[PDB]
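Examination of the molecular architecture
Here is what each chain is made of, one letter per residue.
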Amino acid sequence: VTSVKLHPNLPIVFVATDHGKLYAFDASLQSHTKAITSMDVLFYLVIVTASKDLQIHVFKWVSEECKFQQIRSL
Amino acid sequence: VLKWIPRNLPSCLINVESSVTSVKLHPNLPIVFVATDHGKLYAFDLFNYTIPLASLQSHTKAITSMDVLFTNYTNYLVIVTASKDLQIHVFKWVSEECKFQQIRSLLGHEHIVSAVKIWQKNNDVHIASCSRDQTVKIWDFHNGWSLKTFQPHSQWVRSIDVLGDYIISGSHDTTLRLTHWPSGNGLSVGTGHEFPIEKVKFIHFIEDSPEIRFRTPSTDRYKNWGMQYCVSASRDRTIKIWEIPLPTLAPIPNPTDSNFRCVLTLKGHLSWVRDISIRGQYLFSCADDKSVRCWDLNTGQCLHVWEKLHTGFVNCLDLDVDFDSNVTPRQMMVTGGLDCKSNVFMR
Amino acid sequence: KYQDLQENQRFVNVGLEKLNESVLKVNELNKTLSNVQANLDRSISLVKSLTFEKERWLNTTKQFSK
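Residues numbered from 1 in each chain as written, not as in the entry; some residues may be left out. Chains lettered and ligands numbered in written order. Part of a larger assembly, values for the part shown. Heavy atoms only, no water. Residues with missing side-chain atoms left out of burial classes, pairs and counts.

As stated in the entry header, the method of structure determination is cryo-EM and the reported resolution is 3.7 Å.

Chain B carries the name Nuclear distribution protein PAC1 in the PDB entry, which gives Saccharomyces cerevisiae as its organism. UniProt's Sequence similarities comment on chain B is quoted here verbatim: "Belongs to the WD repeat LIS1/nudF family." (UniProt positions renumbered as here; feature names shortened; annotations may be inferred.)

For chain A, the name recorded in the PDB entry is Nuclear distribution protein PAC1, with Saccharomyces cerevisiae as its organism.

Pasting the structure below:
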């Protein structure tokens, strides 16, 4: 795991693997193809992911649907 | 000590990821169970509301109603979570492990279930539930199978209440009807609301009080029957207290007195009333106007209003049982919310 | 279409990473080596084939952007 994040309100923990896959264990989405560097979460919940592929993609987590939908990428 | 009124501000806030549906109270320890629209069943502790004690996902669909009871054999706790996945679930609480322990799941409904109740009369625990199948269903907790299935209404019943051997059932066809528990015969039918019945429950006995106008029996027939006054909450923004008539005492319906009687009506809510819970002299009710109101039985006027309790709809309220001597009526009451928050009032 | 594109990008990226680590391992083995002539010729042929694969896979990752 390259980064670790936790939900500030509900008992949820976000785990990002070294291969670029992000898993939300109390979902599995590959936000970036390369290895991610670090993540930041701010309360709508927005998660900013940065990787070495020269592309930073931001994804949002739907709590009711238990799925992550990407909003925009830099 | 039974005239406690909660303060204006919430004591503490409980954060949930999705819509809160049904909230219950542990009758021995300050533990609150919070439903979700996602189907997750929580168990928060009032002293430390940081993390849940046991977050168990039981159903793929939403859950609608709950009931909780600490049994008294001649003991432990039973939690039932009626859901939208065509079935109900039964859970047992373990105090030592602080985790939910599943017992069994009762099947039989051909649509989604909206109400559930659990009680005991004489050393035998029974579970009732009512669904969109237009049929009232009953179960035995120790046995696991049903005893009597019957349809009281053309449309689908929504909420129920019970003590002893009598069941009433609010319905989507804006009519109330008592359903006798062993016989299955409708003793009386009621009319007077203009919208489907959201929640409905009985008003029971109390031992000693200064003066009562809505719980005390009038005659010896009321005294030995024990079922006098009931309150119904329906989507027409009104709360009414309903007189139930006498049967021809299997009791038979009265041909000239098989009709309910509305006694006192209450109004002032800005949306649909969702749930009610009587506590002595005070009728605590919610609505869908982000508010919870407190109604008095005697004067029939709202003494206190809790405006903007949430930013969304208020879903369910529940208190501690007070008409029995087994569980004391502690000064704790907790509400739900459509805006993913739950608030509890203490002291 | 985005699911198909992401699957192709992940497949080619993990293949290129495995190919680069294979080039590193073969280079380390050749440095350790430097039947002897036979395995040296086999290592040289493997280096040439892996360099060709790396060239064509950098070309295809160039055209995935397009």
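1. Points about the overall build of chain B
From N to C terminus, chain B includes one helix and 29 strands. Here the C-alpha radius of gyration of chain B, 19 Å, is about what a compact globule of 347 residues would show, namely 20 Å. Taking the principal axes of the C-alpha coordinates as reference, chain B spans close to 60 × 45 × 40 Å. (Helix = DSSP H or I, 4+ residues; strand = E, 2+ residues; numbered from the N terminus. Rg over C-alpha atoms; globule rule 2.2 N^0.38 Å.)

2. Some details on unusual backbone geometry
All names here are of chain B. Positive phi values are uncommon outside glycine, yet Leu86 reaches one of about 65°. Inspection of the secondary structure puts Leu86 in the loop between strand 8 (77-83) and strand 9 (88-94). We note that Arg347 has phi near 55°; this positive angle belongs to a residue other than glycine. Considering the arrangement of structural elements, one finds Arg347 in the segment after strand 29 (341-346).

3. Digging into the packing of aromatic side chains
All names here are of chain B. Ring centres 5.9 Å apart and planes at 65° place the aromatic pair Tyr42 and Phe44 in the edge-to-face group. Taken together, the aromatic side chains of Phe33, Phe91, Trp93 and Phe100 make up a single cluster linked through ring pairs. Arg213 extends its terminal NZ or CZ atom over the ring of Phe214, reaching a point 4.3 Å from the ring centre. (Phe/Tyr/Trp six-rings, centres within 6.5 Å; stacked < 30°, edge-to-face > 60°. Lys NZ or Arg CZ within 6 Å of the ring centre and 35° of its normal.)

4. Things to note about the sheet that holds strand 15 (residues 157-163) of chain B
Across a sheet, paired strands are connected by hydrogen bonds in the backbone, their directions being either parallel or antiparallel. All names here are of chain B. With respect to topology, four strands assemble into an open sheet ordered 15-16-17-18, the strand pairing being antiparallel. Pairing within the sheet leaves two strands with one partner each, and these edge strands are strand 15 and strand 18 (186-190). The average angle at which neighbouring strand axes cross in this sheet is 20°, direction not considered. (Pairing = 2+ DSSP bridges. Axes fitted to C-alpha atoms, helices over the stretch in contact; angles between N-to-C directions.)

5. Quick word on the arrangement of the chains
When the two pairs of chains in contact are compared, the highest contact count belongs to chains A and B. The two units chain B and chain C never meet; even their closest C-alpha atoms stay 25 Å apart. (Contact = heavy atoms within 4.5 Å.)

6. Observations concerning the pattern of salt bridges
Residue and element names in this part refer to chain B. Note that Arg235 and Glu198 form a salt bridge whose closest N and O atoms lie 2.5 Å from each other. Pair noted here: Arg235 is in the loop between strand 20 (229-234) and strand 21 (238-243) and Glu198 is in strand 19 (residues 197-203), with a separation of 37 residues, a long-range link. For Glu198, the salt bridge identified is with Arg274, shortest N-O distance 3.2 Å. (Salt bridge = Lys/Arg side-chain N within 4 Å of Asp/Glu carboxyl O.)

7. Topic: the interface of chain A and chain B
A common measure of how large an interface is: the accessible area buried when the components associate. Opposite the eight residues of chain A that make contact, chain B presents six residues. Residue classes in the side of chain A that touches chain B are distributed as three nonpolar, two polar and three charged. (Nonpolar A, V, L, I, M, F, W, Y, C, P; charged D, E, K, R; others polar.)

8. Section: the environment of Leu107(B)
Residue and element names in this part refer to chain B. The residue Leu107 is located in the loop between strand 10 (99-104) and strand 11 (113-120) in this model. Sequence separation between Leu107 and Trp139 is 32 residues, and the spatial gap between their C-alpha atoms is 9.9 Å. If we skip the residues at most four places from it in the chain, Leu107 touches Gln87 and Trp139.

9. Description of the sheet that holds strand 5 (residues 44-45) of chain B
Residue and element names in this part refer to chain B. Judged by pairing direction, the sheet is antiparallel, and its three strands sit side by side in the order 2-3-5 without closing on themselves. Across the chains shown, the open sheet's two edge strands, defined by having one partner strand only, are strand 2 (23-25) and strand 5. Examined bridge by bridge, strand 3 (residues 31-34) and strand 5 share two bridges and lie antiparallel to one another. Within the sheet, the bridge partner assigned to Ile31 lies in strand 5 and is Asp45.

10. Here's the deal with the pairing of strand 7 (residues 57-62) of chain A
Residues and elements named next belong to chain A. In the sheet, strand 6 (residues 46-51) pairs with strand 7 via four bridges, with the strands oriented antiparallel. Its bridge partner being in strand 7, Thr49 is matched across the sheet by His57. Linking strand 6 back to strand 7 in an antiparallel pair, the connection comprises five residues, with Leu54 at a positive phi of about 55°. Both strand 7 and strand 8 (residues 67-73) contribute to a ladder of six bridges, which runs antiparallel. Across the sheet, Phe59 pairs through a bridge with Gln70, a residue of strand 8. Between the antiparallel neighbours strand 7 and strand 8 lie four residues, among them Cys66 with a positive phi of about 55°.

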